[PDB]
file final_6.csv (CSV, C-alpha atoms)
chain,number,residue,atom,x,y,z
A,1,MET,CA,-7.7,2.3,-13.5
A,2,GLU,CA,-9.0,1.7,-10.0
A,3,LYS,CA,-7.7,2.9,-6.6
A,4,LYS,CA,-8.2,1.2,-3.3
A,5,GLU,CA,-7.9,3.1,0.0
A,6,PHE,CA,-6.9,1.6,3.3
A,7,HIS,CA,-5.6,2.3,6.8
A,8,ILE,CA,-2.6,1.0,8.7
A,9,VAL,CA,-3.7,-1.5,11.3
A,10,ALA,CA,-0.3,-2.8,12.1
A,11,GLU,CA,0.4,0.3,14.2
A,12,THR,CA,4.0,-0.8,13.6
A,13,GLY,CA,5.3,2.1,11.5
A,14,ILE,CA,5.3,0.8,8.0
A,15,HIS,CA,9.0,0.0,8.0
A,16,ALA,CA,11.2,-1.7,5.5
A,17,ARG,CA,9.5,-4.8,6.7
A,18,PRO,CA,5.8,-3.9,6.4
A,19,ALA,CA,6.7,-0.8,4.3
A,20,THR,CA,8.1,-2.9,1.6
A,21,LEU,CA,5.7,-5.7,2.3
A,22,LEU,CA,3.0,-3.6,0.6
A,23,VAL,CA,5.4,-1.9,-1.9
A,24,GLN,CA,7.0,-5.3,-2.5
A,25,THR,CA,3.5,-6.7,-3.3
A,26,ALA,CA,2.4,-3.4,-4.9
A,27,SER,CA,5.7,-2.9,-6.8
A,28,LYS,CA,5.4,-6.3,-8.4
A,29,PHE,CA,2.4,-5.8,-10.6
A,30,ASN,CA,2.3,-5.2,-14.4
A,31,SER,CA,-0.3,-2.6,-13.4
A,32,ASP,CA,0.0,0.9,-11.8
A,33,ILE,CA,-0.3,0.3,-8.1
A,34,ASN,CA,0.8,2.8,-5.5
A,35,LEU,CA,0.1,3.9,-2.0
A,36,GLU,CA,-1.5,7.1,-0.8
A,37,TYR,CA,-1.1,8.4,2.7
A,38,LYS,CA,-2.7,11.5,4.0
A,39,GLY,CA,-3.6,12.1,0.3
A,40,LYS,CA,-0.1,11.5,-1.1
A,41,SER,CA,-0.2,8.7,-3.6
A,42,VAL,CA,3.2,7.4,-4.8
A,43,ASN,CA,4.6,4.1,-5.9
A,44,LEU,CA,4.6,2.6,-2.4
A,45,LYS,CA,7.9,1.3,-3.6
A,46,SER,CA,8.8,4.9,-3.7
A,47,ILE,CA,11.0,4.9,-0.7
A,48,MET,CA,11.9,8.6,-1.3
A,49,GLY,CA,8.2,9.7,-1.4
A,50,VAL,CA,7.1,7.0,1.0
A,51,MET,CA,10.0,7.7,3.3
A,52,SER,CA,8.8,11.3,3.8
A,53,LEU,CA,5.4,9.8,4.2
A,54,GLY,CA,5.4,6.4,5.7
A,55,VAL,CA,2.6,5.2,8.0
A,56,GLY,CA,2.1,3.0,11.0
A,57,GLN,CA,0.3,4.1,14.1
A,58,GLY,CA,-3.1,3.1,12.8
A,59,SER,CA,-2.1,5.5,10.1
A,60,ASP,CA,-4.5,5.4,7.2
A,61,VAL,CA,-3.5,5.4,3.6
A,62,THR,CA,-4.8,4.7,0.1
A,63,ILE,CA,-3.6,2.3,-2.6
A,64,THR,CA,-4.1,2.5,-6.3
A,65,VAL,CA,-4.1,-0.1,-9.1
A,66,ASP,CA,-4.3,0.5,-12.8
A,67,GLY,CA,-3.6,-1.8,-15.6
A,68,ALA,CA,-3.9,-5.6,-16.1
A,69,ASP,CA,-2.7,-6.7,-12.6
A,70,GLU,CA,-5.0,-3.9,-11.4
A,71,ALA,CA,-7.2,-6.7,-10.1
A,72,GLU,CA,-4.4,-9.1,-9.0
A,73,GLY,CA,-2.2,-6.2,-8.1
A,74,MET,CA,-4.5,-4.5,-5.7
A,75,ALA,CA,-5.9,-7.9,-4.8
A,76,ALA,CA,-2.6,-8.8,-3.1
A,77,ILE,CA,-2.1,-5.3,-1.6
A,78,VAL,CA,-5.7,-5.3,-0.3
A,79,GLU,CA,-5.4,-8.8,1.0
A,80,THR,CA,-1.9,-8.1,2.3
A,81,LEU,CA,-3.0,-4.8,3.8
A,82,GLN,CA,-5.3,-6.9,6.0
A,83,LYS,CA,-3.2,-10.0,5.6
A,84,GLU,CA,-0.1,-8.4,7.0
A,85,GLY,CA,-2.2,-6.5,9.6
A,86,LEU,CA,-0.7,-3.4,7.9
A,87,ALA,CA,-4.1,-2.1,6.8
A,88,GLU,CA,-7.7,-3.0,7.2
A,89,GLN,CA,-10.3,-4.0,4.6
call {"tool": "encode", "arguments": {"input": "final_6.csv", "output": "structure tokens"}}
result
Amino acid sequence: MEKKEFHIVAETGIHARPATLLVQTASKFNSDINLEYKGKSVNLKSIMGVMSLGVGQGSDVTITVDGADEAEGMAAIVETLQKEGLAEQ
């Protein structure tokens, strides 16, 4: 059980594109990985929750990873976060 915070550096608006990008990468781990924005942590893939939340404009958020993938899980997210210019390291 380990969480990894971050901040949106895409200043895009975490849309279905970048929005899912993370969720897609976060919601693809055998571990518990979610996103937390403003303090709200929900299965990034949680459109509903995320929807109401969503980030972008240098918006900062926090990711979480718990389980086996935990490492790999967050690994991607983390990397992706800064890989997709969605979030920084």
call {"tool": "residues_around", "arguments": {"input": "final_6.csv", "residues": "stretch 71-82 of chain A", "least_positions_apart": "4", "cutoff": "9 Å", "atoms": "all atoms listed in the file", "output": "mmCIF file with C-alpha atoms, in the coordinates of the input"}}
result
data_model
loop_
_atom_site.group_PDB
_atom_site.id
_atom_site.type_symbol
_atom_site.label_atom_id
_atom_site.label_comp_id
_atom_site.auth_asym_id
_atom_site.auth_seq_id
_atom_site.Cartn_x
_atom_site.Cartn_y
_atom_site.Cartn_z
ATOM 1 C CA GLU A 2 -9.000 1.700 -10.000
ATOM 2 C CA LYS A 3 -7.700 2.900 -6.600
ATOM 3 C CA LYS A 4 -8.200 1.200 -3.300
ATOM 4 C CA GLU A 5 -7.900 3.100 0.000
ATOM 5 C CA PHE A 6 -6.900 1.600 3.300
ATOM 6 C CA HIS A 7 -5.600 2.300 6.800
ATOM 7 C CA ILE A 8 -2.600 1.000 8.700
ATOM 8 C CA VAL A 9 -3.700 -1.500 11.300
ATOM 9 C CA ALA A 10 -0.300 -2.800 12.100
ATOM 10 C CA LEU A 21 5.700 -5.700 2.300
ATOM 11 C CA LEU A 22 3.000 -3.600 0.600
ATOM 12 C CA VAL A 23 5.400 -1.900 -1.900
ATOM 13 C CA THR A 25 3.500 -6.700 -3.300
ATOM 14 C CA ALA A 26 2.400 -3.400 -4.900
ATOM 15 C CA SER A 27 5.700 -2.900 -6.800
ATOM 16 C CA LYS A 28 5.400 -6.300 -8.400
ATOM 17 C CA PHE A 29 2.400 -5.800 -10.600
ATOM 18 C CA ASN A 30 2.300 -5.200 -14.400
ATOM 19 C CA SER A 31 -0.300 -2.600 -13.400
ATOM 20 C CA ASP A 32 0.000 0.900 -11.800
ATOM 21 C CA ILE A 33 -0.300 0.300 -8.100
ATOM 22 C CA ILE A 63 -3.600 2.300 -2.600
ATOM 23 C CA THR A 64 -4.100 2.500 -6.300
ATOM 24 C CA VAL A 65 -4.100 -0.100 -9.100
ATOM 25 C CA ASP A 66 -4.300 0.500 -12.800
ATOM 26 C CA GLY A 67 -3.600 -1.800 -15.600
ATOM 27 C CA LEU A 86 -0.700 -3.400 7.900
ATOM 28 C CA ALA A 87 -4.100 -2.100 6.800
ATOM 29 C CA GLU A 88 -7.700 -3.000 7.200
ATOM 30 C CA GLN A 89 -10.300 -4.000 4.600
#
call {"tool": "closest_residue", "arguments": {"input": "final_6.csv", "among": "A:68, A:19, A:84, A:34", "to": "residue A:54", "atoms": "all atoms listed in the file"}}
result
A:19
call {"tool": "atom_distance", "arguments": {"input": "final_6.csv", "atom1": "atom CA of residue A:1", "atom2": "atom CA of residue A:53"}}
result
23.3 Å
call {"tool": "atom_distance", "arguments": {"input": "final_6.csv", "atom1": "atom CA of residue A:61", "atom2": "atom CA of residue A:38"}}
result
6.2 Å
call {"tool": "atom_distance", "arguments": {"input": "final_6.csv", "atom1": "atom CA of residue A:55", "atom2": "atom CA of residue A:13"}}
result
5.4 Å
call {"tool": "closest_residue", "arguments": {"input": "final_6.csv", "among": "A:85, A:39, A:56, A:49", "to": "residue A:15", "atoms": "all atoms listed in the file"}}
result
A:56
call {"tool": "closest_residue", "arguments": {"input": "final_6.csv", "among": "A:17, A:83, A:50, A:11", "to": "residue A:36", "atoms": "only C-alpha atoms"}}
result
A:50
call {"tool": "decode", "arguments": {"input": "final_6.csv", "residues": "stretch 21-54 of chain A", "atoms": "N, CA and C atoms", "output": "tab-separated table (two decimals), in the first residue's frame"}}
result
chain	number	residue	atom	x	y	z
A	21	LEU	N	-5.83	8.40	-20.07
A	21	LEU	CA	-4.42	8.04	-20.20
A	21	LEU	C	-3.91	7.52	-18.86
A	22	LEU	N	-4.14	8.31	-17.82
A	22	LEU	CA	-3.71	7.94	-16.48
A	22	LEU	C	-4.60	6.80	-15.96
A	23	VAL	N	-5.90	7.05	-16.01
A	23	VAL	CA	-6.87	6.06	-15.55
A	23	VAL	C	-6.65	4.75	-16.31
A	24	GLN	N	-6.49	4.89	-17.62
A	24	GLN	CA	-6.27	3.73	-18.47
A	24	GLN	C	-5.04	2.95	-18.01
A	25	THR	N	-4.03	3.70	-17.59
A	25	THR	CA	-2.79	3.09	-17.12
A	25	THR	C	-2.91	2.73	-15.64
A	26	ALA	N	-3.75	3.49	-14.94
A	26	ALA	CA	-3.95	3.26	-13.52
A	26	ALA	C	-5.01	2.17	-13.33
A	27	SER	N	-6.01	2.20	-14.20
A	27	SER	CA	-7.08	1.23	-14.14
A	27	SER	C	-6.74	0.01	-15.01
A	28	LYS	N	-5.51	-0.45	-14.86
A	28	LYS	CA	-5.04	-1.59	-15.62
A	28	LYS	C	-4.02	-2.37	-14.79
A	29	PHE	N	-4.07	-2.14	-13.49
A	29	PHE	CA	-3.15	-2.81	-12.58
A	29	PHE	C	-3.91	-3.71	-11.60
A	30	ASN	N	-3.30	-4.85	-11.30
A	30	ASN	CA	-3.90	-5.80	-10.38
A	30	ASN	C	-3.85	-5.23	-8.96
A	31	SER	N	-3.31	-4.02	-8.86
A	31	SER	CA	-3.20	-3.36	-7.57
A	31	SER	C	-4.24	-2.25	-7.46
A	32	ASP	N	-4.27	-1.63	-6.29
A	32	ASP	CA	-5.22	-0.55	-6.04
A	32	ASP	C	-4.55	0.79	-6.36
A	33	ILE	N	-4.81	1.27	-7.57
A	33	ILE	CA	-4.25	2.54	-8.01
A	33	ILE	C	-5.38	3.50	-8.38
A	34	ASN	N	-5.33	4.68	-7.78
A	34	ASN	CA	-6.34	5.69	-8.03
A	34	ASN	C	-5.67	7.07	-8.11
A	35	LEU	N	-6.48	8.07	-8.40
A	35	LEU	CA	-5.99	9.43	-8.50
A	35	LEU	C	-6.68	10.31	-7.46
A	36	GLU	N	-5.91	11.23	-6.90
A	36	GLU	CA	-6.44	12.14	-5.89
A	36	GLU	C	-6.14	13.59	-6.28
A	37	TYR	N	-7.21	14.34	-6.50
A	37	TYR	CA	-7.08	15.73	-6.87
A	37	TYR	C	-7.75	16.64	-5.84
A	38	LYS	N	-6.96	17.57	-5.32
A	38	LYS	CA	-7.45	18.51	-4.32
A	38	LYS	C	-7.60	17.78	-2.98
A	39	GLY	N	-7.37	16.48	-3.02
A	39	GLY	CA	-7.47	15.67	-1.82
A	39	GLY	C	-8.47	14.53	-2.01
A	40	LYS	N	-9.10	14.53	-3.18
A	40	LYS	CA	-10.08	13.51	-3.50
A	40	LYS	C	-9.41	12.38	-4.29
A	41	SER	N	-9.30	11.23	-3.65
A	41	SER	CA	-8.68	10.08	-4.28
A	41	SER	C	-9.75	9.07	-4.70
A	42	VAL	N	-9.82	8.83	-6.00
A	42	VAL	CA	-10.80	7.90	-6.54
A	42	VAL	C	-10.20	7.21	-7.77
A	43	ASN	N	-10.61	5.97	-7.97
A	43	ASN	CA	-10.13	5.19	-9.10
A	43	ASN	C	-10.12	6.07	-10.35
A	44	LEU	N	-9.01	6.77	-10.53
A	44	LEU	CA	-8.87	7.65	-11.68
A	44	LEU	C	-9.87	7.25	-12.76
A	45	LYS	N	-10.01	5.94	-12.93
A	45	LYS	CA	-10.93	5.42	-13.93
A	45	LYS	C	-12.37	5.68	-13.48
A	46	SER	N	-12.49	6.42	-12.38
A	46	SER	CA	-13.79	6.75	-11.84
A	46	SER	C	-14.32	8.04	-12.48
A	47	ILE	N	-14.72	7.92	-13.73
A	47	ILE	CA	-15.24	9.06	-14.46
A	47	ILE	C	-16.12	9.90	-13.54
A	48	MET	N	-17.17	9.25	-13.03
A	48	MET	CA	-18.09	9.92	-12.14
A	48	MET	C	-17.35	10.83	-11.16
A	49	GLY	N	-16.58	10.20	-10.28
A	49	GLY	CA	-15.82	10.94	-9.29
A	49	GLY	C	-14.83	11.90	-9.96
A	50	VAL	N	-14.03	11.34	-10.86
A	50	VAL	CA	-13.05	12.14	-11.57
A	50	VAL	C	-13.75	13.29	-12.29
A	51	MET	N	-14.79	12.94	-13.04
A	51	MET	CA	-15.55	13.93	-13.78
A	51	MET	C	-15.77	15.19	-12.94
A	52	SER	N	-16.38	15.00	-11.78
A	52	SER	CA	-16.65	16.10	-10.88
A	52	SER	C	-15.34	16.78	-10.47
A	53	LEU	N	-14.28	15.99	-10.48
A	53	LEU	CA	-12.97	16.49	-10.11
A	53	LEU	C	-12.24	16.97	-11.37
A	54	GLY	N	-11.52	16.04	-11.99
A	54	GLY	CA	-10.78	16.34	-13.19
A	54	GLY	C	-9.76	17.46	-12.94
